[PDB]
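A.B. asks: Could you have a look at this structure, given as structure tokens, before my questions?
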Amino acid sequence: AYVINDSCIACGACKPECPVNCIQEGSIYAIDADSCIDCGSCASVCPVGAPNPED
Ligand code: SF4
Ligand code: SF4
């Protein structure tokens, strides 16, 4: 799964780009790890590179 790190500026760009809609809005956005397919689309549109493969 991917994880949205502290860089997140809560722009909202990644949510509509997630093919399985597993991103939730918050102070910083968060991924529902169990549904994430590691497609990387969120990482692709993020202006600050917050979404990265989980550690
Ligand atoms: S990697 Fe894909 S499936 Fe996982 S949160 Fe990002 S866009 Fe959604
Ligand atoms: S696109 Fe990037 S900065 Fe914007 S909400 Fe998603 S993770 Fe946060």
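A.B. asks: Can you pull out the residues in the range 16-42 that are of a type in the set (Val, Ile, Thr) and in contact with a strand residue (DSSP E or B) (Cβ under 8 Å, 6 or more places away or on another chain)?
C.D. replies: Step one: list which residues in the range 16-42 are of a type in the set (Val, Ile, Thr), which gives 20, 23, 28, 31, 37.
Hits for the range 16-42 are 23, 28, 31.
A.B. asks: Follow-up. Report the residue count in the range 11-55 for those that are near ligand 2 (Cβ under 9 Å from one of its atoms) and of a type in the set (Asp, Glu).
C.D. replies: So the answer is 2.
A.B. asks: Six or more apart or on different chains, Cβ atoms under 7 Å: show the pairs whose first residue is in the range 28-43 and free of Cβ contacts under 8 Å to residues at least 60 places away in the same chain and hydroxyl-bearing (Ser, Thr, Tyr) and whose second is away from ligand 2 (no atom under 14 Å from the Cβ) and assigned to a loop (DSSP other than H, G, I, E, B).
C.D. replies: Listed pairs, sorted by first residue: 35/20; 41/19.
A.B. asks: Going through the range 1-51 one residue at a time, which ones are touching a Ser or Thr at 6+ places or on another chain (Cβ under 9 Å) and not in a loop (DSSP other than H, G, I, E, B)?
C.D. replies: 17, 51
A.B. asks: Among the residues of the range 18-47, which ones are surrounded by 13 or more Cβ atoms within 10 Å (Cβ to Cβ) and more than 6 Å from ligand 1 (Cβ to nearest atom)?
C.D. replies: Residues satisfying the conditions are 28, 29, 30, 32, 43, 45, 46.
All of the numbers you see were taken from the coordinates with simple rules; none came from a lab. Counting neighbours? That spans all protein chains shown, and the Cβs are built from the backbone with ideal geometry, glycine included.
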